[PDB]
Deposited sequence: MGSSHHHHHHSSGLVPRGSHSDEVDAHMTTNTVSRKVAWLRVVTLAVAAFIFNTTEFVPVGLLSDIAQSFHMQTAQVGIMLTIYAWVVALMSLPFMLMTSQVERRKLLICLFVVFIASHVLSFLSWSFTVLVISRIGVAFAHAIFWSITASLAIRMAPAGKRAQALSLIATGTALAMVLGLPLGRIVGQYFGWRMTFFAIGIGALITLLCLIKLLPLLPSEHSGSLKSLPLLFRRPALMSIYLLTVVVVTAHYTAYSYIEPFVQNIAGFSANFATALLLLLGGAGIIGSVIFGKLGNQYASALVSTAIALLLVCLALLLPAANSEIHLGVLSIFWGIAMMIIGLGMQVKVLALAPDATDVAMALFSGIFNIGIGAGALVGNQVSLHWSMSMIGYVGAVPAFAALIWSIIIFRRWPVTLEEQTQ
């Protein structure tokens, strides 16, 4: 019952995190159906993200008063309704309105999920994280291939059904802030996160219309990279799993360094299928190391109020996604979408330094 009552959430984290990134493999399709240009559709990522940023904190506030599995139901219900609206969406406006619906559930979910794994008890958090992790590897790739044969609306409708079958699996298994603002080390971590995420989502958001409209390759080759990155992620995630309980500083910095490289070398490694592919192998490995790197450290640094740690982590993570989407959008629209790799490499340089600085300053851990 423990493993189940938690594996059900680990799955549940897979759904929410799967959803928000699926648009990355669906920009062309979504654009085609609405007679706009790829990058223009990129903003539904920012809108989503920034709603999760704005509401992660106020929503949990209001919601924590009354917080049974009841709340998960109403998330899932809204999640499921919104996803039905995406499928029916009769304008790119209606689509993005639907994305807010999801984001409202998203916002609330990810405040809560940190604790609940523990309340059914631990290492409940790896499971959650495994789900988080298995989103990039199975979720997003398979979401593209579905969007290939069947198109984007079915992809969105599909996910809505998961939420249900998992909701039903869910129902069968049932029953502050100034202190953190005054942990500079935690704040510094919250800082590093915001920045490095913007760096990565400058580029990663538009990788599809990049591999298609800019590097010239097939829409199959794009889908190919997305698989490679996900699995690259498995390597990355299991490098950490086995080696992140120590070495956390060094891994994270070298990772961020690796990311730096990849972002700079995006345009030069294009026109070299094998090149972009390796890039993908390294990029991916960096992505998960950095991604889990922060979650682990925030939790470490905030034992007495983990969920509020995580509530902040959630929101402040989503600033970076909207940031990177938007800057990625704007470079693509106004100067060239080839300079997304380079533009993003600027926030990544800063982060490398900030990384090394703060790990020197606070070597304490465990």
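Going by the record, the unmodelled stretches of the deposited sequence, in order, are 1 to 36, 158 to 162, 217 to 227, 419 to 423.
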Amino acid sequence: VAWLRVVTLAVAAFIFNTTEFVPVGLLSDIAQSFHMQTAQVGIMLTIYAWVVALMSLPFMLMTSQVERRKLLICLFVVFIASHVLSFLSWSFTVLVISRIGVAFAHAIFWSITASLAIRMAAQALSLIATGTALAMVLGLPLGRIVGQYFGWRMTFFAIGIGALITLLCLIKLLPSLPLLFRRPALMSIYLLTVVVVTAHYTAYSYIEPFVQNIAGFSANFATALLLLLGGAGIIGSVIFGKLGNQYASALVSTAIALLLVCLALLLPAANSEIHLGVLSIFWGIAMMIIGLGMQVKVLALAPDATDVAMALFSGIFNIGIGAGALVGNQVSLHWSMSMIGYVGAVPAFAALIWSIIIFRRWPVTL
From here on, numbers count along this sequence of modelled residues.
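Relative to its counterpart among 237 to 245 and 90 to 98, 237 to 245 has the higher mean temperature factor, C-alpha atoms as listed in the PDB entry.
The PDB entry reports B-factors from which the mean C-alpha value can be compared for 137 to 145 and 79 to 87; the larger average falls on 137 to 145. Per the deposited record, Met120 carries the highest C-alpha B-factor of all listed residues (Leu191, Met120, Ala255, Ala103). The PDB entry assigns its highest CA temperature factor, among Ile73, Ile290, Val195, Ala107, to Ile73. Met62 sits in the highest third of its chain by CA B factor, as recorded in the PDB entry. When the CA B factors of the chain's modelled residues are split into thirds, the value for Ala350 lands in the lowest one. Per-chain ranking of the deposited C-alpha B factor places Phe221 in the highest third. The deposited CA B-factor of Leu265 belongs to the highest third of values across its chain. In the deposited entry, the Cα temperature factor of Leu26 sits in the bottom third of values across the chain's modelled residues.
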